[PDB]
Amino acid sequence: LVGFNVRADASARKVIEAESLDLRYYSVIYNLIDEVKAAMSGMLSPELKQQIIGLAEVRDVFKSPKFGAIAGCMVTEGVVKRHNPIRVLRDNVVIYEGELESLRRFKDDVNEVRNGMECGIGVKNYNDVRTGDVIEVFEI
RNA sequence: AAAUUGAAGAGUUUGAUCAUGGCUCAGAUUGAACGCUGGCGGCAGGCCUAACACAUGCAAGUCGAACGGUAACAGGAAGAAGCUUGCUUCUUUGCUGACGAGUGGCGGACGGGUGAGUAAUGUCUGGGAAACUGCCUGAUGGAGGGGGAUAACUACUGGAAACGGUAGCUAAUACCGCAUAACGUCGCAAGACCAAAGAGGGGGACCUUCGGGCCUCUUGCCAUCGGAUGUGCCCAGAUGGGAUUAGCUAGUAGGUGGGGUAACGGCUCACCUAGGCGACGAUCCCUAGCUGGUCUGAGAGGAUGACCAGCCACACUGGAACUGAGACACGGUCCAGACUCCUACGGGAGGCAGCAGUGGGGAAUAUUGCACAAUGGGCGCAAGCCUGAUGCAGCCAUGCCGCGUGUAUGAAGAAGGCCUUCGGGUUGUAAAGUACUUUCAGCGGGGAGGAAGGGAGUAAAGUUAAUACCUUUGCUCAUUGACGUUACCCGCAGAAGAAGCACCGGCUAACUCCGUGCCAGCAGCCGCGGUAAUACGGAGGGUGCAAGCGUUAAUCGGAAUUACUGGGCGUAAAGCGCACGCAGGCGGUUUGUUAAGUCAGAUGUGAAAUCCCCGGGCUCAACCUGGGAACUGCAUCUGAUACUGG
RNA sequence: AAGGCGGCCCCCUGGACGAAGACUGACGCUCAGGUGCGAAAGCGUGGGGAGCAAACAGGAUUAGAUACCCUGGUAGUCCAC
RNA sequence: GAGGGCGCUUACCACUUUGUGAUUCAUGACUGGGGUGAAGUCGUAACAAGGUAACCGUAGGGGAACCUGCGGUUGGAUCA
RNA sequence: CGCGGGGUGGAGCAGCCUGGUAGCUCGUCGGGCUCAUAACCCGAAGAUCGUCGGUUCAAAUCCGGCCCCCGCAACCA
C-alpha cells in the first residue's frame, strides 16, 4: 500500500497495525519506481546451477533396503556434501535430478567426501544405476 | 346536533379428502435507497451510518443616562488662515454628536445541537415538607458621614508570537470601615448584631466660588414581609430482558451527638445498636434516554419514540471547583489524557453533538445564501445595537395535495405494424384533415397583505412653583418588507414546451405470433424451459398505475400462527416414569364484625399540539385555524356491604 | 403410586374395601423449587454359576454373509452391599 | 498588632502502575459431526409377515445401512 | 560352506511325530436351476506324495543325500 503523498487516518491505523501489512509513502516518483521493481526482482526464484561443489563418477552399484540403491562412487574433483543439490547425467544429457539424502562411505556415514577418496552415495526416487555416468553436485 | 356507530380471505403437503401446521400473497405505513422515467406549484421532510475527525466565515452581546476618558470621524471655537472677505483648511483645545481600548453593570445558566451515559440524585401518574429564587410585582421604611486602592494612561524594559516586568498616576453605581437598625437574624427573655449609590430631563423668585446650589419629576441602590415564575428535596405505583446470574450489603440499616446544606436526610464524622435488601426477583449480566404521542389493528393488542412539544442527560475524554440568584458552565477557568495548529525553537494556541461547509464511513440525506421586515430573546430611558433563535430563499419527485401535458369533430374505418383458417379482424376516432380553447411554462403590463410600531411636531390630562421635563391618550405630516420578478389581476404568441413504469400461467385485472429447446433464462408462493412455451427473450395486442412506476429494505395486519379478549396436549408439536411435599394458587356451610379488593358519588388533576365532531380561512385540496368531545388514567374524601380478603 | 409383584410355610410390615355407630371440627385440593421411589442393560468389591447367552471361536448358507441356522462359549443373567 | 495572601502540611480524589482472577467478541494449523446438491460406488436396513415382525431403552460387535444379547411396547401380518 | 519353512493333481492345501488304495478347495470339462446369464446345486476328469539310497509286512507320512521354491537372512553404500 503506497501513496505519492498520504497520511494515515485514525480508523486506518487500527486495521494496518492489526493485520500484517505495509504502509510506505514516497515523496518522489523515482524512489517509488525503483522499489516496485525491487519488489518484482525479489519475487523471482531462479537456480541456474550454481557452481559445482564436486563432480563424481559412480561404479559398482550396491543394493540398500531404504533408498533402494547405493551407487559406489569415486570423486574426481571437488568435495561432495550432504544437503547440496545434485545433477545426475549420462552421456552429457541429464538422466535424473535431485538433492542428496544420504552420503555414506563404509559404515562411517560421513557428511563430506573429498576428491580421489573412495565414496558412497544413495538417493530416493532413483531407480536405475548404470556405470559410466557422472553425478554433478553443486552448491547454491 | 355530532364527536371508536366496527371486524372478508387466497395459493401451497394428497391420486383425491378432512384435520393439523408452517411458508407465501392481496392492505395500510416509511426521515428511505436503487433501476427506468421525469413539466409546474402549495405544504411538509431531509446524516437513520462514525457521541468519527474537522480548514474558513458566522452563531453573545450591549449601556457614554455608572466611570476616568479621547484614538478614530464629525462638527464646532479664542486663534492660526484657506482668503477670490463668509465659502473656508490646520495648528490647537473632548467644547459635543459620537466612540477604539479600559474599569463598572446586566447578559455569556437563555435561545440552538445531540442522545453518548443512565433500568434510576431519570421519566410518567399522584401526592408530600424541611427550601432558595436575577429580572417583573404589592407593602413599609432607608438612602447619613468617611477611607485606602486600581485598570486605562505615563516612563523604562523582556518576547518571534501569546502575552509580560518595574515604578509612577487617577475615576466610579469597583472595593472597605464608621454611623443609623426592625414587622430582620440569634436569644425564654433581658439584650446583642446586620445595609446602601448614584445617574439623568426640565426650571420660577433668590444668589454666589458660574461648577451648580435650591425647585421638581424620572430612574437605579439598601432592608424586611409577601405575590408570580423558576429550581432543589422526599414518598407510592408504574416504566425492558436474562436464574445457562440466588444470594447481596461496613456508611452497610438504624440510634445518639457534633459538623454540614438554601433546606430534610449516613450528607459527613465519632460513638452505640446489628441491622438493611432479596424468589412480589435482590445482587450480577445484556440492552436502553422517558413521555405526550406515532404506525398498525374492529378491538384487545403488536411495533415504535425523526420532524412538533414536555422532562432528563451530555458539550473532545477523565476529574475539579471558581464566579454567580442560577453552572459544577455548549462557543468560561484549572489539572490530567488523546489529538491538531503556529514558532524566529526558546515557547504558544484550540475543541462544530450551533448554522453553512470539508474529509471519512455509508445504499443514502441539501447552500460555506438573504434579512432582522415580522414574531421572540439579550442590553439600553430611548434611539438603537446584537440575535445561523426566527422569518425566508437554494438543493433533492422524499412524501402529501392540487393542476397540466389539450377540447370537439373526424371512416369503409387510409398507410404501416400485428393476427388470420386470406373471407377478414385489430391497432383505431387513434393518426392525418377540420375547426376551437390557452390553465401551466414563456413574455410584457399592473399590484394586496404579512406594518404593529418608531420619528418630528401638536393638543388634553395626571405631575409640579410652573404652560418645563416626564408619562398616557387622541391629531396631522413624512416614513419602515429579507422574501420579491410575492399572492392575485390584465395583455401577447401559438397545441404550441410537457408520458413514462410495471404487469398480462393460477393466486390476480390483462393473449397471441415468432425465436429458443432442461439451453439462454424466469421465479413473492405453486412452478415454467427437451419442437404448438399465453410462464424464457422480442414483437403486436391488452391490463393496472401515472410524474411517477417498479425492485429492495422495514413495522403492524391478515396470523385465532403466544390464543386477556381468543388455542391446544389418546393416535397430528405437547401429561414430568411414579409418589410425598414447603412456598404459592384455590377452598365446603352459618352468624357477627371489618371495609383492603369490588361498587357508587363528589372534588382535584390528566400541559398544549395530535386523533375525532361541527364550523372558519387560503380559487380547491393538502395546509392553517375557532369551539367541542375525548384523554377509557391517577389521587383524595364520603358512602354502599352482595361477592372476595381480614 | 409407578417401576413392577406368582411353589409352600412362618415372622416383621404398607395400602384398599365393607358394616355399624362414636369422636375431631374444613384439619381440604393442587404443587414450581426440594426429597424419595424407579424395568432391563451397564458399573465397583466379594461371593455364586445348572440353564440361557452379548463378545469371541469353529461349522454352514451366500455373489459376499463381520448376519439370520448349527456346535461351543466369556461377561451377564443369581446373592450381599 | 488583628486579619489576609504565598509557601509548607494533612484528608478526599482523576490519570497511572503492579500482581492475580472472572467474563465476552474476534481469530487459529487441524479435527468432529450437521445441512445442501442432476447424476457416482457398495450393499438393501425400513415400508407387505418387507422375506429374521418392527420399534424403545441399554450394552457389545461390525465397511455401511445394521447384527446380536437383555428387558419393555403394539404403533405386529397370520391363527389355519 | 549361512539361518526359516515347504515340494501331492492345472494352481494352492489336508492327510503330520498318530507308517496300510491320496482327499479337500479354486480352476478344467459336463450336467442341473433360469425365458436367458450371472450366482448357485449334482458330477466326473485330474498324481512315481520332488527326486534317490535306506528301511519294511505295507512307509504319503519313515532318515539322510541330490535338488528346487519361498522366508528373512543378503548385494548390508
# chains A, B, ... in the order shown; residues from 1 in each chain; ligands from 1
>>> interface_residues(of="chain E", to="chain A", cutoff="12 Å", atoms="only C-alpha atoms (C1' of nucleotides)", output="list in words")
residues 74, 75, 76 and 77 of chain E
>>> select_by_dssp(residues="chain A", states="strand (DSSP E or B)", output="ChimeraX atom specification")
/A:2-3,24-25,52-62,70-78,80-81,85-90,93-99,102-103,112-113,118-122,134-138
>>> write_last_selection(atoms="N, CA and C atoms", output="compact mmCIF listing (two decimals), in the first residue's frame")
# COMPACT_ATOMS: atom_id res chain seq x y z
N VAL A 2 0.88 1.96 -1.11
CA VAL A 2 1.78 3.09 -1.30
C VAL A 2 0.98 4.32 -1.72
N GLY A 3 1.54 5.50 -1.46
CA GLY A 3 0.91 6.75 -1.84
C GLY A 3 1.98 7.76 -2.18
N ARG A 24 3.87 2.51 3.19
CA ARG A 24 5.04 3.28 2.78
C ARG A 24 4.65 4.42 1.85
N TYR A 25 5.01 5.64 2.24
CA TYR A 25 4.72 6.82 1.42
C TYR A 25 6.01 7.41 0.86
N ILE A 52 29.46 -25.88 -9.25
CA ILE A 52 29.56 -27.25 -8.77
C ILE A 52 30.45 -27.30 -7.54
N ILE A 53 30.09 -28.15 -6.58
CA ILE A 53 30.89 -28.24 -5.37
C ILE A 53 31.88 -29.35 -5.66
N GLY A 54 31.37 -30.41 -6.26
CA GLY A 54 32.17 -31.56 -6.63
C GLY A 54 31.53 -32.35 -7.75
N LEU A 55 32.34 -33.11 -8.47
CA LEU A 55 31.86 -33.95 -9.56
C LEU A 55 32.35 -35.37 -9.27
N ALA A 56 31.45 -36.35 -9.30
CA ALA A 56 31.86 -37.72 -9.03
C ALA A 56 31.26 -38.74 -9.99
N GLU A 57 32.02 -39.79 -10.28
CA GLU A 57 31.53 -40.86 -11.16
C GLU A 57 31.20 -42.07 -10.29
N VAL A 58 30.09 -42.75 -10.58
CA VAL A 58 29.69 -43.89 -9.77
C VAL A 58 29.99 -45.22 -10.46
N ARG A 59 30.40 -46.20 -9.66
CA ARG A 59 30.71 -47.52 -10.17
C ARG A 59 30.37 -48.62 -9.17
N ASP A 60 30.05 -49.80 -9.68
CA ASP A 60 29.75 -50.97 -8.85
C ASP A 60 28.60 -50.68 -7.88
N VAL A 61 27.39 -50.59 -8.41
CA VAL A 61 26.20 -50.30 -7.62
C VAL A 61 25.97 -51.35 -6.52
N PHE A 62 25.46 -50.91 -5.38
CA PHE A 62 25.08 -51.80 -4.30
C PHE A 62 23.59 -51.63 -3.98
N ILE A 70 22.48 -48.17 -3.66
CA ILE A 70 23.66 -47.41 -3.26
C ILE A 70 24.68 -47.48 -4.38
N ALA A 71 24.99 -46.33 -4.97
CA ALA A 71 25.95 -46.28 -6.06
C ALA A 71 27.35 -45.95 -5.54
N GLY A 72 28.26 -46.90 -5.66
CA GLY A 72 29.62 -46.68 -5.23
C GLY A 72 30.15 -45.57 -6.11
N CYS A 73 30.93 -44.67 -5.53
CA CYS A 73 31.47 -43.55 -6.28
C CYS A 73 32.96 -43.32 -6.05
N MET A 74 33.56 -42.57 -6.96
CA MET A 74 34.92 -42.08 -6.82
C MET A 74 34.94 -40.62 -7.24
N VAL A 75 35.24 -39.73 -6.30
CA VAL A 75 35.23 -38.33 -6.62
C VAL A 75 36.48 -37.96 -7.38
N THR A 76 36.28 -37.42 -8.57
CA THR A 76 37.41 -36.99 -9.39
C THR A 76 37.82 -35.55 -9.09
N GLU A 77 36.87 -34.73 -8.66
CA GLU A 77 37.15 -33.32 -8.39
C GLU A 77 36.22 -32.76 -7.32
N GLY A 78 36.74 -31.83 -6.52
CA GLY A 78 35.95 -31.13 -5.53
C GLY A 78 35.58 -31.95 -4.31
N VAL A 80 32.31 -33.52 -2.04
CA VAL A 80 30.89 -33.85 -2.02
C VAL A 80 30.29 -33.55 -0.65
N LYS A 81 29.11 -32.94 -0.65
CA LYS A 81 28.43 -32.56 0.59
C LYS A 81 27.03 -33.16 0.67
N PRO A 85 22.40 -29.84 -3.57
CA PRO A 85 21.71 -30.48 -4.69
C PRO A 85 22.66 -31.07 -5.73
N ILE A 86 22.20 -32.12 -6.40
CA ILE A 86 23.00 -32.83 -7.40
C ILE A 86 22.29 -32.98 -8.74
N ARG A 87 23.08 -33.17 -9.79
CA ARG A 87 22.58 -33.31 -11.15
C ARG A 87 23.16 -34.60 -11.72
N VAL A 88 22.33 -35.61 -11.94
CA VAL A 88 22.80 -36.89 -12.46
C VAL A 88 22.66 -36.91 -13.97
N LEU A 89 23.77 -37.07 -14.68
CA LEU A 89 23.75 -37.05 -16.13
C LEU A 89 24.55 -38.21 -16.73
N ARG A 90 24.06 -38.69 -17.87
CA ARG A 90 24.70 -39.77 -18.61
C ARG A 90 24.88 -39.30 -20.04
N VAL A 93 23.84 -35.71 -21.23
CA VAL A 93 22.45 -35.33 -21.01
C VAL A 93 22.01 -35.77 -19.62
N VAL A 94 21.16 -35.00 -18.97
CA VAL A 94 20.78 -35.35 -17.60
C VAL A 94 19.66 -36.37 -17.46
N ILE A 95 20.05 -37.58 -17.06
CA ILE A 95 19.12 -38.67 -16.84
C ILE A 95 18.18 -38.39 -15.68
N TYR A 96 18.72 -37.85 -14.59
CA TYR A 96 17.92 -37.55 -13.41
C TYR A 96 18.45 -36.38 -12.58
N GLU A 97 17.58 -35.78 -11.77
CA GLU A 97 17.99 -34.68 -10.91
C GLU A 97 17.48 -34.87 -9.49
N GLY A 98 18.16 -34.26 -8.52
CA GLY A 98 17.75 -34.37 -7.13
C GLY A 98 18.71 -33.76 -6.13
N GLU A 99 18.40 -33.96 -4.85
CA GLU A 99 19.21 -33.47 -3.74
C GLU A 99 19.58 -34.68 -2.89
N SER A 102 21.43 -39.20 1.65
CA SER A 102 22.42 -39.91 2.45
C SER A 102 23.76 -40.02 1.72
N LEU A 103 24.81 -39.51 2.36
CA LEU A 103 26.17 -39.67 1.87
C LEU A 103 26.93 -40.56 2.85
N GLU A 112 30.86 -35.43 4.51
CA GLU A 112 31.69 -34.83 3.47
C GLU A 112 32.74 -35.80 2.93
N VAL A 113 32.92 -35.78 1.61
CA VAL A 113 33.90 -36.63 0.95
C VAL A 113 34.72 -35.81 -0.05
N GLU A 118 37.65 -42.85 -1.89
CA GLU A 118 36.52 -43.70 -2.21
C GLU A 118 35.29 -43.15 -1.51
N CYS A 119 34.17 -43.11 -2.22
CA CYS A 119 32.94 -42.57 -1.64
C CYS A 119 31.72 -43.40 -2.03
N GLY A 120 30.64 -43.20 -1.29
CA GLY A 120 29.40 -43.93 -1.49
C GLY A 120 28.22 -42.97 -1.48
N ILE A 121 27.17 -43.33 -2.20
CA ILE A 121 26.03 -42.44 -2.42
C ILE A 121 24.74 -43.24 -2.60
N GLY A 122 23.64 -42.71 -2.09
CA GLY A 122 22.33 -43.22 -2.43
C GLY A 122 21.28 -42.14 -2.30
N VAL A 134 28.17 -39.73 -14.70
CA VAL A 134 28.81 -38.92 -13.67
C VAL A 134 27.78 -38.03 -12.97
N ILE A 135 27.88 -37.94 -11.65
CA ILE A 135 26.97 -37.12 -10.86
C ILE A 135 27.63 -35.79 -10.53
N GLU A 136 26.94 -34.70 -10.81
CA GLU A 136 27.47 -33.37 -10.56
C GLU A 136 26.76 -32.69 -9.39
N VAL A 137 27.48 -32.52 -8.29
CA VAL A 137 26.95 -31.82 -7.13
C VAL A 137 27.36 -30.35 -7.19
N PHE A 138 26.43 -29.47 -6.86
CA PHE A 138 26.69 -28.04 -6.92
C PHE A 138 26.04 -27.29 -5.76
>>> select_by_dssp(residues="region 18-90 of chain A", states="alpha helix (DSSP H)", output="list in words")
residues 18, 29, 30, 31, 32, 33, 34, 35, 36, 37, 38, 39, 40, 41, 42 and 43 of chain A
>>> closest_atom_pairs(of="chain B", to="chain A", cutoff="9 Å", atoms="only C-alpha atoms (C1' of nucleotides)", output="tab-separated table")
residue	atom	partner	partner_atom	distance
B:52	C1'	A:11	CA	8.4
B:53	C1'	A:10	CA	8.4
B:360	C1'	A:9	CA	8.4
>>> write_last_selection(atoms="N, CA and C atoms (P, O5', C5', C4', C3', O3' and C1' of nucleotides)", output="PDB file, in the first residue's frame")
ATOM      1  P     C B  52     -18.175   8.010  18.690  1.00  0.00           P
ATOM      2  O5'   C B  52     -17.543   9.150  17.783  1.00  0.00           O
ATOM      3  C5'   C B  52     -17.654   9.142  16.376  1.00  0.00           C
ATOM      4  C4'   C B  52     -16.290   9.258  15.739  1.00  0.00           C
ATOM      5  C3'   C B  52     -15.635  10.638  15.749  1.00  0.00           C
ATOM      6  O3'   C B  52     -14.927  10.918  16.950  1.00  0.00           O
ATOM      7  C1'   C B  52     -15.617   9.791  13.559  1.00  0.00           C
ATOM      8  P     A B  53     -14.501  12.428  17.357  1.00  0.00           P
ATOM      9  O5'   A B  53     -13.641  12.943  16.133  1.00  0.00           O
ATOM     10  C5'   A B  53     -12.272  12.640  16.049  1.00  0.00           C
ATOM     11  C4'   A B  53     -11.669  13.292  14.841  1.00  0.00           C
ATOM     12  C3'   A B  53     -11.730  14.803  14.817  1.00  0.00           C
ATOM     13  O3'   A B  53     -10.745  15.392  15.635  1.00  0.00           O
ATOM     14  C1'   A B  53     -12.406  13.975  12.732  1.00  0.00           C
ATOM     15  P     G B 360     -12.829  11.401   1.478  1.00  0.00           P
ATOM     16  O5'   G B 360     -13.047  10.709   2.902  1.00  0.00           O
ATOM     17  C5'   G B 360     -12.004  10.023   3.577  1.00  0.00           C
ATOM     18  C4'   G B 360     -12.490   9.404   4.870  1.00  0.00           C
ATOM     19  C3'   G B 360     -13.596   8.361   4.749  1.00  0.00           C
ATOM     20  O3'   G B 360     -13.117   7.085   4.402  1.00  0.00           O
ATOM     21  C1'   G B 360     -14.189   9.892   6.415  1.00  0.00           C
TER      22        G B 360
END
>>> closest_atom_pairs(of="chain D", to="region 314-338 of chain B", cutoff="9 Å", atoms="only C-alpha atoms (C1' of nucleotides)", output="Markdown table")
| residue | atom | partner | partner_atom | distance |
| --- | --- | --- | --- | --- |
| D:13 | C1' | B:319 | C1' | 8.4 |
| D:14 | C1' | B:319 | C1' | 4.5 |
| D:15 | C1' | B:336 | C1' | 5.5 |
>>> write_last_selection(atoms="C-alpha atoms (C1' of nucleotides)", output="PDB file, in the first residue's frame")
ATOM      1  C1'   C D  13      -9.694  12.027  44.804  1.00  0.00           C
ATOM      2  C1'   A D  14      -8.622  11.792  38.397  1.00  0.00           C
ATOM      3  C1'   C D  15      -4.565   9.868  35.265  1.00  0.00           C
TER       4        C D  15
END
>>> residues_around(residues="residue 107 (chain B)", least_positions_apart="2", cutoff="10 Å", atoms="only C-alpha atoms (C1' of nucleotides)", output="PyMOL selection string")
chain B and resi 60-62+110+378-379
>>> write_last_selection(atoms="N, CA and C atoms (P, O5', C5', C4', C3', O3' and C1' of nucleotides)", output="PDB file, in the first residue's frame")
ATOM      1  P     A B  60     -24.987  34.478  19.232  1.00  0.00           P
ATOM      2  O5'   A B  60     -23.596  35.189  19.552  1.00  0.00           O
ATOM      3  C5'   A B  60     -23.347  36.530  19.152  1.00  0.00           C
ATOM      4  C4'   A B  60     -22.811  37.360  20.292  1.00  0.00           C
ATOM      5  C3'   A B  60     -21.564  36.805  20.977  1.00  0.00           C
ATOM      6  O3'   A B  60     -20.802  37.888  21.515  1.00  0.00           O
ATOM      7  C1'   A B  60     -23.319  36.901  22.530  1.00  0.00           C
ATOM      8  P     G B  61     -19.793  38.733  20.586  1.00  0.00           P
ATOM      9  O5'   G B  61     -20.676  39.929  20.028  1.00  0.00           O
ATOM     10  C5'   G B  61     -20.974  41.056  20.834  1.00  0.00           C
ATOM     11  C4'   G B  61     -22.437  41.105  21.199  1.00  0.00           C
ATOM     12  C3'   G B  61     -22.955  42.472  21.620  1.00  0.00           C
ATOM     13  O3'   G B  61     -23.328  43.268  20.506  1.00  0.00           O
ATOM     14  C1'   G B  61     -23.574  40.879  23.243  1.00  0.00           C
ATOM     15  P     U B  62     -22.739  44.752  20.319  1.00  0.00           P
ATOM     16  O5'   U B  62     -23.605  45.624  21.320  1.00  0.00           O
ATOM     17  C5'   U B  62     -25.018  45.593  21.274  1.00  0.00           C
ATOM     18  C4'   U B  62     -25.601  45.982  22.602  1.00  0.00           C
ATOM     19  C3'   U B  62     -25.182  47.348  23.121  1.00  0.00           C
ATOM     20  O3'   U B  62     -26.019  48.364  22.613  1.00  0.00           O
ATOM     21  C1'   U B  62     -24.963  45.708  24.835  1.00  0.00           C
ATOM     22  P     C B 110     -29.282  27.258  29.860  1.00  0.00           P
ATOM     23  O5'   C B 110     -30.206  28.386  29.229  1.00  0.00           O
ATOM     24  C5'   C B 110     -31.325  28.859  29.941  1.00  0.00           C
ATOM     25  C4'   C B 110     -32.040  29.941  29.177  1.00  0.00           C
ATOM     26  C3'   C B 110     -32.469  29.603  27.762  1.00  0.00           C
ATOM     27  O3'   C B 110     -33.673  28.880  27.709  1.00  0.00           O
ATOM     28  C1'   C B 110     -31.440  31.714  27.787  1.00  0.00           C
ATOM     29  P     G B 378     -34.863  38.777  27.641  1.00  0.00           P
ATOM     30  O5'   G B 378     -33.359  39.058  27.222  1.00  0.00           O
ATOM     31  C5'   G B 378     -32.298  38.294  27.754  1.00  0.00           C
ATOM     32  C4'   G B 378     -30.969  38.873  27.346  1.00  0.00           C
ATOM     33  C3'   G B 378     -30.734  40.327  27.713  1.00  0.00           C
ATOM     34  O3'   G B 378     -30.357  40.480  29.067  1.00  0.00           O
ATOM     35  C1'   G B 378     -30.072  39.966  25.469  1.00  0.00           C
ATOM     36  P     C B 379     -31.027  41.619  29.973  1.00  0.00           P
ATOM     37  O5'   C B 379     -30.308  42.956  29.482  1.00  0.00           O
ATOM     38  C5'   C B 379     -28.937  43.175  29.779  1.00  0.00           C
ATOM     39  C4'   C B 379     -28.308  44.217  28.882  1.00  0.00           C
ATOM     40  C3'   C B 379     -28.855  45.638  28.965  1.00  0.00           C
ATOM     41  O3'   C B 379     -28.374  46.362  30.091  1.00  0.00           O
ATOM     42  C1'   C B 379     -28.581  45.026  26.702  1.00  0.00           C
TER      43        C B 379
END
>>> residues_around(residues="residue 34 (chain C)", least_positions_apart="4", cutoff="12 Å", atoms="only C-alpha atoms (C1' of nucleotides)", output="JSON, numbers by chain")
{"B": [580, 581, 582, 583]}
>>> write_last_selection(atoms="N, CA, C and O atoms (P, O5', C5', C4', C3', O3' and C1' of nucleotides)", output="PDB file, in the first residue's frame")
ATOM      1  P     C B 580     -49.165 -38.661  46.593  1.00  0.00           P
ATOM      2  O5'   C B 580     -47.994 -38.240  47.583  1.00  0.00           O
ATOM      3  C5'   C B 580     -47.824 -38.900  48.831  1.00  0.00           C
ATOM      4  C4'   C B 580     -46.684 -38.308  49.624  1.00  0.00           C
ATOM      5  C3'   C B 580     -46.825 -36.840  49.981  1.00  0.00           C
ATOM      6  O3'   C B 580     -47.598 -36.632  51.145  1.00  0.00           O
ATOM      7  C1'   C B 580     -44.676 -37.233  49.075  1.00  0.00           C
ATOM      8  P     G B 581     -48.568 -35.361  51.226  1.00  0.00           P
ATOM      9  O5'   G B 581     -47.563 -34.126  51.249  1.00  0.00           O
ATOM     10  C5'   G B 581     -46.609 -33.971  52.286  1.00  0.00           C
ATOM     11  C4'   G B 581     -45.577 -32.936  51.922  1.00  0.00           C
ATOM     12  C3'   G B 581     -46.111 -31.576  51.526  1.00  0.00           C
ATOM     13  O3'   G B 581     -46.456 -30.786  52.642  1.00  0.00           O
ATOM     14  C1'   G B 581     -44.494 -32.246  49.961  1.00  0.00           C
ATOM     15  P     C B 582     -47.100 -29.328  52.426  1.00  0.00           P
ATOM     16  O5'   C B 582     -45.833 -28.370  52.387  1.00  0.00           O
ATOM     17  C5'   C B 582     -45.051 -28.177  53.546  1.00  0.00           C
ATOM     18  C4'   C B 582     -44.002 -27.117  53.346  1.00  0.00           C
ATOM     19  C3'   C B 582     -44.465 -25.786  52.783  1.00  0.00           C
ATOM     20  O3'   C B 582     -45.118 -24.956  53.724  1.00  0.00           O
ATOM     21  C1'   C B 582     -42.514 -26.453  51.672  1.00  0.00           C
ATOM     22  P     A B 583     -46.291 -23.976  53.233  1.00  0.00           P
ATOM     23  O5'   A B 583     -45.570 -22.963  52.246  1.00  0.00           O
ATOM     24  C5'   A B 583     -44.481 -22.168  52.677  1.00  0.00           C
ATOM     25  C4'   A B 583     -43.951 -21.353  51.536  1.00  0.00           C
ATOM     26  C3'   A B 583     -44.990 -20.585  50.745  1.00  0.00           C
ATOM     27  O3'   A B 583     -45.383 -19.383  51.374  1.00  0.00           O
ATOM     28  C1'   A B 583     -43.540 -21.699  49.255  1.00  0.00           C
TER      29        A B 583
END
>>> residues_around(residues="region 270-273 of chain B", least_positions_apart="5", cutoff="10 Å", atoms="only C-alpha atoms (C1' of nucleotides)", output="PyMOL selection string")
chain B and resi 254-258
>>> residues_around(residues="residue 68 (chain E)", least_positions_apart="3", cutoff="12 Å", atoms="only C-alpha atoms (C1' of nucleotides)", output="PyMOL selection string")
chain E and resi 6-7+50-51
>>> atom_distance(atom1="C1' of residue 340 (chain B)", atom2="CA of residue 12 (chain A)")
17.4 Å
>>> atom_distance(atom1="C1' of residue 343 (chain B)", atom2="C1' of residue 56 (chain B)")
21.8 Å
>>> residues_around(residues="residue 80 (chain C)", least_positions_apart="3", cutoff="12 Å", atoms="only C-alpha atoms (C1' of nucleotides)", output="PyMOL selection string")
chain C and resi 45-48
>>> atom_distance(atom1="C1' of residue 95 (chain B)", atom2="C1' of residue 65 (chain B)")
19.9 Å
